[PDB]
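Number of protein chains: 2
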Amino acid sequence: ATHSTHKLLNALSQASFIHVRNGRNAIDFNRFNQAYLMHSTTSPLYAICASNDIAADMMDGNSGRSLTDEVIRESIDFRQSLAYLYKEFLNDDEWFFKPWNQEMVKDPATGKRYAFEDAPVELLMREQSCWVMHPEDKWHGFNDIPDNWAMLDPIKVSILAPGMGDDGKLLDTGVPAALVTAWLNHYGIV
Amino acid sequence: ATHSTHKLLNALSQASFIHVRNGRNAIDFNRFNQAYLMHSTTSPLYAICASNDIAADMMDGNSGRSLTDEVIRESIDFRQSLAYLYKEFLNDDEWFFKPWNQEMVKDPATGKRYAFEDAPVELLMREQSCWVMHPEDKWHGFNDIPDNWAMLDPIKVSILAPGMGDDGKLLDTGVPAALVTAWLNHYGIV
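Line by line, the protein sequences give chains A and B.
Oh and the first sequence: position 71 is 71 in the numbering used here, straight run, nothing missing.
Counting the second sequence from 1 gives a position; the numbering used here is that position plus 190.
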């Protein structure tokens, strides 16, 4: 497993990890070290390694759970607010952006169904099945996907501009995402 | 103009009024009295005439406005609550009954548009155009009706069971109104 510690953990650019779990046909340290040296430098900048070390420490113990919880909760708040606004504008027969997630979520304990924007935040934060891609759902659009195969990461939030039909063909009207991207770039969001 | 005072005013059954506004080719009292006697009885029950008199008195002055206001407000509260429940069930991808009125209403003063269930009650109670059948609206279904020709009486509340498409053809599923009528009769509502 390779982690870019600078991407979604807290580390400086170029910091990375190689993680190995030894199994069949494992590579011992003496053999692996040759490749490691082949793609490294003889004068590493120790600030990068220090950032790797502090990132690992930051995920250690209770703090990793707490930090991932905070990010997931922020993303869920954004998704639910956007879904609510989308429903409001739809009720006023207007267009808006919608988050790319499940429309309806089911509570596996009580069997109760909720609209995504009405689901309790604890349920969305706790239950994995609220994010699994089910073959019977139309939101993800991956036809013939097996159940319990893939899952949506809550913190990578995709929003959909109107214009694409559920069947795969364009609607009569829509807003292309290139123009929205130009707007966001103008306001600094990339 | 003929009013059945027992229907939507406060009078005993068989109480009625004939109202005349004399214009071209008017019928004077001596001539009209012959027809009046021809369809009357020589021994009227004075309780019926007394109920007619009290109904007329009840509509006199401020009280007629106040009583019509109360009935109209009750009907509007019912319509808005039913529309709200319909939207809620639709958001949960379920069926429900919907009131037969405008989906969207426009405030003629400020130009602001509202969904019917979100419109201020004062606006619906005050503005006639919130009830006029406009040719561009799909709710009433009277194709090629001229504008400012007809209007919906708020206190005659029609509810629609699902099953009829906006084009005029049935949907794939629905709930026929005969069964709902049997249910209501079972609970005493006729």
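For every residue, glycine included, the Cβ atom is placed at its ideal position computed from N, Cα and C.
{"Query": "Comparing C-alpha positions only, which one of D53(A), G111(A), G23(A) sits nearest to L9(A)?", "Result": "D53(A)"}
{"Query": "Between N291(B) and chain A, is the shortest Cβ-Cβ distance under 7 Å, so that the two count as touching?", "Result": "no"}
{"Query": "Return the residue from the list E284(B), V261(B), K288(B) that minimises the CA-CA distance to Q270(B).", "Result": "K288(B)"}
{"Query": "Pick from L313(B), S241(B), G355(B): whose alpha carbon is nearest that of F207(B)?", "Result": "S241(B)"}
{"Query": "Within 10 Å of its beta-carbon, does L374(B) have 16 or more other beta-carbons around it, so buried, or fewer, so exposed?", "Result": "exposed"}
{"Query": "Can you have a look at residue 200(A) and say buried or exposed, based on whether 16 or more other CB atoms are within 10 angstroms of its CB?", "Result": "Because chain A spans 1 through 190 in this model, residue 200(A) falls outside it and cannot be assessed."}
{"Query": "Do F116(A) and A83(A) come within 7 Å of each other at the CB atom, strictly closer than that value?", "Result": "yes"}
{"Query": "If you draw a straight line from the C-alpha of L257(B) to the C-alpha of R303(B), how long is it?", "Result": "29 Å"}
{"Query": "Could you name the residues that DSSP lists as bridge partners for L280(B)?", "Result": "Paired residue(s): none; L280(B) is not in a bridge."}
{"Query": "Closest to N101(A) by C-alpha separation, out of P146(A), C130(A), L45(A), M164(A), would be which residue?", "Result": "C130(A)"}
{"Query": "Answer yes or no: does any C-beta atom of chain A fall closer than 7 Å to that of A309(B)?", "Result": "no"}
{"Query": "Is there a Cβ of chain A sitting closer than 7 Å to that of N200(B), yes or no?", "Result": "no"}
{"Query": "Closer than 7 Å by C-beta to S203(B): which residues in its own chain qualify, once you throw out the five before and the five after it? Chain order, please.", "Result": "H196"}
{"Query": "Would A11(A) pass as a contact of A47(A) if the rule is Cβ separation under 7 Å?", "Result": "no"}
{"Query": "Beta-carbon of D92(A) versus every beta-carbon of chain B: anything under 7 Å?", "Result": "yes"}
{"Query": "Does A305(B) come within less than 7 Å of chain A when only Cβ atoms are used?", "Result": "yes"}
{"Query": "Do you know offhand how far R221(B)'s Cα is from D247(B)'s?", "Result": "29 Å"}
{"Query": "According to the neighbour-count rule (16 or more other Cβ atoms, all chains shown, within 10 Å of its Cβ), is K277(B) buried or exposed?", "Result": "buried"}
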